[PDB]
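Asker: Once you've seen the sequence and the experimental structure below, I've got questions.
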Number of protein chains: 2
Amino acid sequence: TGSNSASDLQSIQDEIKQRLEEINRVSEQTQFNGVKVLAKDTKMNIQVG
Amino acid sequence: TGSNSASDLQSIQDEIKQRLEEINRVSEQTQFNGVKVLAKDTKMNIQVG
């Protein structure tokens, strides 16, 4: 909106900054049996049979 | 399975090691009347007449 002033824009941008860093955190800590699942970009194959 | 950790495989491996040793000991410890039966690849005549 064209209504806002400068301070309001800054006060929005900081909250945006927090949520941005949150995703980066979540990608790193999550892990299953010593396997990082959201930071590798490869394929894992089970055996059934 | 593809969801196993590098640590686990040694447990399975050393169990396998123990089992493999058992076969050899049974091979070389069994005997009948002083004749080892599970070695040397021969045949054993019997006089029956």
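Answerer: Structure's in. What do you need? Residues are numbered from 1 along each chain as shown, chains lettered A, B, ... in the order given.

Asker: Find the helix or strand that the residue most central in space within chain A is a member of.
Answerer: In chain A, the centroid-proximal residue (C-alpha atoms, centre = their mean) is residue A:23; its distance is 1.3 Å. Assigned by DSSP states H and E, residue A:23 belongs to helix A:6-29.

Asker: what's the offset of that helix from the middle of its chain?
Answerer: 10 Å (C-alpha atoms, centre = their mean, to the nearest Å).

Asker: contacting residues around it?
Answerer: Helix A:6-29 is contacted from outside by A:36, A:38-39, using C-beta atoms under 8 Å, 6 or more residues apart in numbering or on different chains. All C-beta atoms are positioned from the backbone trio N, CA, C, and that covers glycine.

Asker: can you rerun that using 6 Å?
Answerer: Identification of contacts with helix A:6-29 by C-beta atoms under 6 Å, 6 or more residues apart in numbering or on different chains yields A:38-39.
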